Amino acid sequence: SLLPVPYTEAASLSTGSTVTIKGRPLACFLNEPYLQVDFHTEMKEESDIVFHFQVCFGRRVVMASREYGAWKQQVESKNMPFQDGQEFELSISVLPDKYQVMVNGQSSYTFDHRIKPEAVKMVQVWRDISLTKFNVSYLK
């Protein structure tokens, strides 16, 4: 669809920021398409990842960070609010102590800050989706 995927955008985040994403999986859930959102410390795709969010649609969600090149402390969730064949709206809010992921208006995942969100310089959205909206708030 409309936006290029992998989608890369320079970004700054602090408490009160929201990243909003609207997209659709490229395959039915039986084929297990993926979605990934990574908040990076630099514009280079190989830079460290403050917040890694990976959906295997219809199956599970994994969250982690990547620090000095190494994956740290993967956590896993079976919560699966995404619907087979449907467009989704994903919202990632930066709270004082954690990221909160809303899916279609419903709180679905949280991830405690391991690194200050001020370290984020870039967000990348990729894998098996099409993308029609990506927005970061810059109000505060």
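Don't overthink the numbering: it's just position in the shown sequence, from 1.
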Quiz item: When the C-alpha temperature factors are averaged for each of 70-78 and 38-46, which stretch ends up with the higher value in the entry?
Solution: 70-78
Practice problem: Higher average CA B factor in the deposited record is what I'm after, so tell me if that's 84-92 or 47-55. | Solution: 84-92
Quiz item: Among the modelled residues of its chain, does the C-alpha B-factor of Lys116 lie in the lowest, middle or highest third?
Solution: highest
Practice problem: Please place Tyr138 in the lowest, middle or highest third of its chain by C-alpha B factor as given in the entry. | Solution: highest
Quiz item: Relative to the other modelled residues in the chain, which third contains the C-alpha temperature factor of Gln124: lowest, middle or highest?
Solution: lowest
Exercise. Using the B-factors in the PDB entry, rank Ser107's C-alpha atom against the chain and give the third, lowest, middle or highest.
Key: middle
